[PDB]
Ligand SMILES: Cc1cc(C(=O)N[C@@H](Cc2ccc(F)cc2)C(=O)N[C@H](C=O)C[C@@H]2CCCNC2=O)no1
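Below sits a lone chain in structure tokens, taken as the form solved without the ligand.
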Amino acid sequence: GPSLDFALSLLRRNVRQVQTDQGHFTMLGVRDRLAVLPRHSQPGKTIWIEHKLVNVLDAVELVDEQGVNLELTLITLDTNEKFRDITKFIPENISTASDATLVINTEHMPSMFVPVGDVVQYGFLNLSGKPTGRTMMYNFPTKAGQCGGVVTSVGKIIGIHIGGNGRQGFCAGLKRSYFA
């Protein structure tokens, strides 16, 4: 319905399959040549995007005001093409949601929509030994959720999937100011 209508339009215009030396990831293009990935993707000086070799001009791993990892990496891509600007769909404050859909898009898991249900505030989380901040939690019973993913609700882009414990998954919450 309307939730999936938004998620589908986001996929088409803003969610891309990428590959780094760390594997296959879902990338969210935010605007212009600016995109975001889970930090564990560890993008290098070049990246594969939809089967094309793209230079990475800048890569910034985001931290909070204490320097705590947010598990998000902002990259600026060496390209002429521009992403549709979706920042107006990213909330000003990290937001929970009901009936959320996780959009995964990698070469091995293309154009995949996963209903995760309610996304709830969690906060500080030790993610595979790395203290992380500003996380949210949802049901996601897989041990292989290590490809990123875009968490959406009706007309809102609320998180980037960063991992899980085999029962629940967790996302790094998105705020509009990250992309200002």
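All residue numbers refer to positions in the sequence shown, first residue = 1.
Missing here is the form deposited with the ligand bound; even so, the following discussion is about that form.
- Figure legend: unbound chain with the ligand modelled from its position in the deposited complex by local C-alpha superposition. Site blocked, with three or more ligand atoms within 2.4 Å of backbone or C-beta atoms.
- Contact check for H40: a non-hydrogen atom falls within 4.5 Å of the ligand in the deposited complex.
- A residue is said to contact a partner when one of its heavy atoms sits within 4.5 Å of a partner heavy atom; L127 meets this definition for the ligand in the deposited complex.
- A residue is said to contact a partner when one of its heavy atoms sits within 4.5 Å of a partner heavy atom; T132 meets this definition for the ligand in the deposited complex.
- For the chain shown alone, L53 is not a contact residue for the ligand in the deposited complex, no non-hydrogen atom being within 4.5 angstroms.
- Only one of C147, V150, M136, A35 lies close to the ligand in the deposited complex, with a heavy atom inside 4.5 Å, and it is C147.
- Screening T142, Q121, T46, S111 for any heavy atom within 4.5 Å of the ligand in the deposited complex leaves a single hit, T142.
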